[PDB]
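S.K.: Handing over input-v2.txt, compact mmCIF, C-alpha atoms and all ligand atoms.
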# COMPACT_ATOMS: atom_id res chain seq x y z
CA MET A 628 -6.79 10.45 20.36
CA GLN A 629 -6.64 13.49 18.07
CA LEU A 630 -7.39 13.10 14.36
CA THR A 631 -4.93 15.59 12.84
CA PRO A 632 -1.66 14.12 14.21
CA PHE A 633 -2.83 10.67 13.15
CA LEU A 634 -3.43 11.79 9.56
CA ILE A 635 -0.08 13.60 9.51
CA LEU A 636 1.55 10.33 10.58
CA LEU A 637 -0.28 8.36 7.88
CA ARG A 638 0.77 10.87 5.20
CA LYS A 639 4.41 10.57 6.24
CA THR A 640 4.14 6.78 6.39
CA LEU A 641 2.60 6.59 2.92
CA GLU A 642 5.44 8.72 1.54
CA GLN A 643 7.99 6.40 3.17
CA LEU A 644 6.27 3.36 1.66
CA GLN A 645 6.25 4.92 -1.81
CA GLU A 646 9.99 5.56 -1.43
CA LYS A 647 10.52 1.80 -1.03
CA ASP A 648 8.74 1.17 -4.36
CA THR A 649 11.66 2.44 -6.40
CA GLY A 650 10.25 1.21 -9.70
CA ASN A 651 6.96 2.99 -8.96
CA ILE A 652 5.11 -0.15 -10.00
CA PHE A 653 2.54 0.39 -7.21
CA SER A 654 2.16 4.16 -7.64
CA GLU A 655 -1.05 3.99 -9.72
CA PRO A 656 -3.72 1.36 -10.43
CA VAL A 657 -2.66 -1.63 -12.50
CA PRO A 658 -3.71 -0.48 -16.01
CA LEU A 659 -6.76 -2.63 -16.74
CA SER A 660 -6.66 -1.71 -20.44
CA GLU A 661 -3.31 -3.51 -20.68
CA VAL A 662 -4.24 -6.34 -18.27
CA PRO A 663 -7.82 -7.33 -19.18
CA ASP A 664 -7.69 -10.57 -17.16
CA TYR A 665 -6.53 -8.80 -13.97
CA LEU A 666 -10.01 -8.69 -12.44
CA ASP A 667 -10.48 -12.42 -13.13
CA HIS A 668 -7.86 -13.03 -10.43
CA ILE A 669 -7.95 -9.90 -8.23
CA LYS A 670 -11.13 -8.89 -6.43
CA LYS A 671 -9.96 -5.54 -4.99
CA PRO A 672 -7.18 -3.69 -6.82
CA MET A 673 -5.12 -1.26 -4.75
CA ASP A 674 -2.25 1.20 -5.30
CA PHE A 675 -0.58 4.12 -3.53
CA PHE A 676 -2.54 6.82 -5.39
CA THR A 677 -5.83 5.24 -4.33
CA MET A 678 -4.47 5.00 -0.78
CA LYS A 679 -3.67 8.72 -0.80
CA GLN A 680 -7.22 9.50 -1.96
CA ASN A 681 -8.66 7.27 0.77
CA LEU A 682 -6.44 8.91 3.39
CA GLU A 683 -7.57 12.41 2.42
CA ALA A 684 -11.21 11.26 2.34
CA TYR A 685 -10.89 10.25 6.03
CA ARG A 686 -11.40 6.56 5.23
CA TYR A 687 -8.43 5.47 7.40
CA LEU A 688 -9.17 6.13 11.07
CA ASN A 689 -6.98 3.44 12.63
CA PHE A 690 -3.72 1.86 11.64
CA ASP A 691 -5.36 -1.42 10.58
CA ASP A 692 -7.47 0.47 7.98
CA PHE A 693 -4.27 1.78 6.40
CA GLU A 694 -2.20 -1.40 6.67
CA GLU A 695 -5.03 -3.46 5.14
CA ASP A 696 -4.79 -1.52 1.89
CA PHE A 697 -1.00 -1.73 1.90
CA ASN A 698 -1.31 -5.50 2.32
CA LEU A 699 -3.66 -5.58 -0.67
CA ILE A 700 -1.03 -3.90 -2.86
CA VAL A 701 1.43 -6.63 -1.89
CA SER A 702 -0.91 -9.62 -1.95
CA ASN A 703 -2.55 -8.71 -5.26
CA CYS A 704 0.88 -8.49 -6.89
CA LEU A 705 2.07 -11.83 -5.47
CA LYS A 706 -1.19 -13.42 -6.60
CA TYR A 707 -1.27 -12.06 -10.15
CA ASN A 708 2.40 -12.28 -11.16
CA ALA A 709 4.55 -15.37 -11.61
CA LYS A 710 7.28 -15.92 -9.03
CA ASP A 711 10.02 -15.53 -11.62
CA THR A 712 9.13 -11.88 -12.41
CA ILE A 713 10.46 -8.53 -11.29
CA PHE A 714 6.91 -7.59 -10.27
CA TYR A 715 6.57 -10.54 -7.89
CA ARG A 716 9.95 -9.89 -6.30
CA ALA A 717 9.12 -6.17 -5.99
CA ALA A 718 6.09 -7.12 -3.89
CA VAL A 719 8.27 -9.32 -1.69
CA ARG A 720 10.75 -6.46 -1.27
CA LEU A 721 7.94 -4.02 -0.50
CA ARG A 722 6.45 -6.43 2.07
CA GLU A 723 9.82 -6.67 3.83
CA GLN A 724 10.97 -3.05 3.61
CA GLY A 725 7.49 -1.54 3.88
CA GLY A 726 6.69 -3.79 6.81
CA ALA A 727 9.50 -2.17 8.80
CA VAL A 728 8.17 1.32 7.97
CA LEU A 729 4.70 0.20 9.07
CA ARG A 730 5.80 -1.27 12.37
CA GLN A 731 7.54 1.92 13.47
CA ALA A 732 4.60 4.07 12.34
CA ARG A 733 2.09 1.90 14.22
CA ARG A 734 4.22 2.31 17.35
CA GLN A 735 4.01 6.09 16.91
CA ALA A 736 0.22 5.86 16.60
CA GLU A 737 0.11 3.79 19.81
CA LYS A 738 1.91 6.62 21.64
CA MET A 739 -0.98 8.95 20.71
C1 LIG B 1 1.71 -4.24 -9.68
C2 LIG B 1 1.31 -5.10 -10.88
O1 LIG B 1 0.90 -6.26 -10.72
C3 LIG B 1 1.42 -4.50 -12.08
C4 LIG B 1 1.72 -3.21 -12.22
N1 LIG B 1 1.74 -2.95 -13.52
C5 LIG B 1 1.46 -4.07 -14.19
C6 LIG B 1 1.38 -4.29 -15.50
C7 LIG B 1 1.59 -3.26 -16.40
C8 LIG B 1 1.07 -5.56 -15.97
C9 LIG B 1 0.86 -6.58 -15.05
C10 LIG B 1 0.96 -6.29 -13.69
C11 LIG B 1 1.26 -5.05 -13.29
Using C-alpha cells, write down the structure that the file contains.
Ligand SMILES: CC(=O)c1c[nH]c2c(C)cccc12

M.R.:
Amino acid sequence: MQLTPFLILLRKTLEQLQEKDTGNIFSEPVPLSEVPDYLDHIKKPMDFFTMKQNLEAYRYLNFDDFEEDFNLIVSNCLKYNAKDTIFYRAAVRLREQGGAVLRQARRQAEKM
C-alpha cells in the first residue's frame, strides 16, 4: 500500500484521539520534575505530542505501531494513578472512546 494516504489517516486519527482527551492530560509527557517517582513504576512514558513526533519521523508504518503507543498512554496512566482519581478514570474513558476511533481507522487502513 501507499505511504502517504496511510500517514494522512494516522494524522487524522491522532487528532480524533486528542479530541477525546478533553482535559488534555495526555497531550504532553507526564512532567517528571513534578512526579519524580514516575519512572520507578513506568518503563516507557508516552503522550500524544511524542506520538505526533514519531508519526512525522516515519516510525509508525502499520496500525499496530500506532495503537501500541496509544495503549501505552492508557496503560501507564492506569498503572500509575489510584483508581479513585480523575486521571485513572480519564484513561478508562480514553480507552473506551479512543478504542472506537481506532477500530474505524484500522478498518480504513485495511481498505488500502
Ligand atoms: C497522565 C498522568 O498520569 C499524568 C499526567 N499528568 C500528571 C501529573 C501532573 C501527575 C501525575 C500523573 C499525571

S.K.: Any idea what the distance is between atom CA of residue A:692 and atom CA of residue A:705?

M.R.: 20.6 Å

S.K.: Could you list, as a tab-separated table (two decimals) with C-alpha atoms, keeping the file's coordinate frame, every residue within 12 Å of residue A:728, counting only C-alpha atoms and ignoring same-chain residues fewer than 4 positions away?

M.R.:
chain	number	residue	atom	x	y	z
A	636	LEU	CA	1.55	10.33	10.58
A	637	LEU	CA	-0.28	8.36	7.88
A	639	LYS	CA	4.41	10.57	6.24
A	640	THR	CA	4.14	6.78	6.39
A	641	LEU	CA	2.60	6.59	2.92
A	642	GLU	CA	5.44	8.72	1.54
A	643	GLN	CA	7.99	6.40	3.17
A	644	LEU	CA	6.27	3.36	1.66
A	645	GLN	CA	6.25	4.92	-1.81
A	646	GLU	CA	9.99	5.56	-1.43
A	647	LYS	CA	10.52	1.80	-1.03
A	694	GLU	CA	-2.20	-1.40	6.67
A	697	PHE	CA	-1.00	-1.73	1.90
A	721	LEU	CA	7.94	-4.02	-0.50
A	722	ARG	CA	6.45	-6.43	2.07
A	723	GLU	CA	9.82	-6.67	3.83
A	724	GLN	CA	10.97	-3.05	3.61
A	732	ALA	CA	4.60	4.07	12.34
A	733	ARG	CA	2.09	1.90	14.22
A	734	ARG	CA	4.22	2.31	17.35
A	735	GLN	CA	4.01	6.09	16.91

S.K.: What does the structure give for the distance between atom CA of residue A:716 and atom CA of residue A:736, in Å to one decimal?

M.R.: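 One can read the atom CA of residue A:716 to atom CA of residue A:736 distance as 29.4 Å.
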
S.K.: Return the single residue from A:635, A:709, A:678, A:727 that is closest to ligand LIG 1 (chain B), with distances computed using all atoms listed in the file.

M.R.: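 So, comparing all the options, the nearest one is A:709.
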
S.K.: Using all atoms listed in the file, which of the listed residues (A:663, A:658, A:672, A:726) sits closest to ligand LIG 1 (chain B)?

M.R.: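 Distance minimum relative to ligand LIG 1 (chain B) lands on A:658.
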
S.K.: Return as a PyMOL selection string every polymer residue, whether protein, DNA or RNA, with at least one atom no more than 9 Å from an atom of ligand LIG 1 (chain B); count all atoms listed in the file.

M.R.: chain A and resi 651-659+661-662+665+673-674+700-701+703-708+714-715+717-718

S.K.: Out of A:649, A:638, A:666, A:711, which residue has the shortest atom-to-atom distance to residue A:679 when counting all atoms listed in the file?

M.R.: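 For residue A:679, the nearest of the candidates is A:638.
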
S.K.: What is the atom CA of residue A:685-atom CA of residue A:650 distance in Å, reported with one decimal?

M.R.: 27.9 Å

S.K.: Given the choices A:628, A:712, A:738, A:634, which gets closest to residue A:686 if the distance is worked out from only C-alpha atoms?

M.R.: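 So, comparing all the options, the nearest one is A:634.
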
S.K.: Using only C-alpha atoms, find the one residue out of A:629, A:710, A:671, A:664 that sits nearest to residue A:696.

M.R.: A:671

S.K.: Between A:690, A:713, A:702, A:633, which one has atoms that come closest to residue A:730, using all atoms listed in the file?

M.R.: A:690
